[PDB]
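Numbering (the deposited numbering), first residue to last: 24 to 222. Contents: one structure, followed by commentary.
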């Protein structure tokens with residue numbers, strides 16, 4: 024629906040929030056993760072950013088569903104396309120393994136997915152949607168607006184800047200100290216893994 028236009032505008036909006044409001048959450052090799060109180064739920068909106076040694080198309084094609092999508096990502100354990108509208112409008116379901124010696128159990132997510140051009144690059148966003156089929160093995164997490172911005176690097180055409188905004192509500196019951204750690208590490212590892220998947 025027109026939900027995609029709104030999802031798109033929300034993320035461009037987040038991408039306009041300037042540093043002043045972001046609080047460092049973790050500093051990795053070549054990835055920085057920040058967070059700020061979410062205006063969507065009682066949790067945080069995360070910002071992650073780092074350079075990728077590859078072009079936009081290749082980076083985004085590895086982030087969306089396909090051949091080796093579960094292959095490089097240590098946290099995703101399954102991925103299903105449930106409803107496909109336009110080539111760039113999906114409704115997917117994916118599960119996530121347990122984290123922190125099981126302090127966080129396997130999650131399930133059913134998100135709307137939308138990929139569109141952004142500047143000279145691309146925007147691949149999403150938000151969770153209502154889905155009845157439930158499974159006891161997985162607690163359903165809920166993703167508020169989130170997305171990945173990927174655009175060519177300044178004056179380096181062979182590279183690109185990958186910026187992500189993640190606003191996940193893992194639901195269930197987890198102490199905030201574990202949630203904080205988990206989310207910060209999930210984003211940092213996503214870049215490590217993604218860089219390996221690109222090979």
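Beta carbons are placed, not taken as given, at the ideal position from N, Cα and C, and that holds for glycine.
According to DSSP, simplified to helix, strand and coil, what is residue i?
| i | result |
| --- | --- |
| residue 194 | coil |
| residue 45 | coil |
| residue 218 | helix |
| residue 125 | coil |
| residue 157 | coil |
| residue 107 | strand |
| residue 92 | helix |
| residue 98 | coil |
| residue 213 | helix |
| residue 162 | strand |
| residue 207 | helix |
| residue 29 | helix |
Distance, Cα to Cα, residue i vs residue j?
| i | j | result |
| --- | --- | --- |
| residue 84 | residue 65 | 32 Å |
| residue 26 | residue 168 | 11 Å |
| residue 69 | residue 39 | 14 Å |
| residue 220 | residue 62 | 33 Å |
| residue 41 | residue 158 | 40 Å |
| residue 181 | residue 202 | 36 Å |
| residue 207 | residue 215 | 13 Å |
| residue 36 | residue 209 | 23 Å |
| residue 188 | residue 199 | 19 Å |
Enumerate in chain order the residues of its own chain whose CB-to-CB distance from residue i is below 7 Å, with the five nearest sequence positions on each side excluded.
| i | result |
| --- | --- |
| residue 107 | 113 |
| residue 122 | 205 |
| residue 102 | 88, 92, 93, 115 and 117 |
| residue 175 | 79, 143, 144 and 183 |
Over what stretch of residues does the beta strand (DSSP E) that includes residue i continue unbroken?
| i | result |
| --- | --- |
| residue 71 | 67-75 |
| residue 151 | 144-151 |
What is the C-beta distance between residue i and residue j, in whole angstroms, given that I count them as a contact (C-beta under 8 Å)?
| i | j | result |
| --- | --- | --- |
| residue 166 | residue 186 | Actually they do not touch by this definition, with Cβ atoms about 17 Å apart. |
| residue 98 | residue 71 | Actually they do not touch by this definition, with Cβ atoms about 14 Å apart. |
| residue 30 | residue 148 | 5 Å |
| residue 139 | residue 152 | That belief does not hold up - the Cβ atoms of residue 139 and residue 152 are roughly 18 Å apart, past 8 Å. |
| residue 74 | residue 53 | 6 Å |
| residue 193 | residue 164 | 5 Å |
| residue 105 | residue 34 | Actually they do not touch by this definition, with Cβ atoms about 22 Å apart. |
Kindly list the residues whose CB is nearer than 6 Å to the CB of residue i, restricted to its own chain and excluding five residues on each side of it in sequence; keep chain order.
| i | result |
| --- | --- |
| residue 127 | 197 and 205 |
| residue 77 | 221 |
Between which two residues does the alpha helix (DSSP H) carrying residue i extend?
| i | result |
| --- | --- |
| residue 182 | Where residue 182 is concerned, there is no enclosing alpha helix (DSSP H), although the beta strand (DSSP E) it sits in stretches over 179-189. |
| residue 84 | 79-86 |
| residue 61 | Taken as a continuous stretch (DSSP letters only), residue 61 belongs to no alpha helix (DSSP H), as it is neither H nor E. |
Spell out whether any CB of chain B is found under 8 Å from the CB atom of residue i.
| i | result |
| --- | --- |
| residue 177 | The question asks about chain B, but that chain is absent: this structure has only one protein chain. |
Counting only the same chain and skipping the five closest in sequence on each side, list residues whose C-beta sits under 8 Å from that of residue i.
| i | result |
| --- | --- |
| residue 82 | 75, 173, 183, 185, 217 and 221 |
| residue 129 | 100, 118, 119, 120, 121, 160, 161 and 162 |
| residue 135 | 26, 27, 30, 112, 113, 114, 149, 150, 151 and 152 |
| residue 211 | 49, 51, 54, 56 and 71 |
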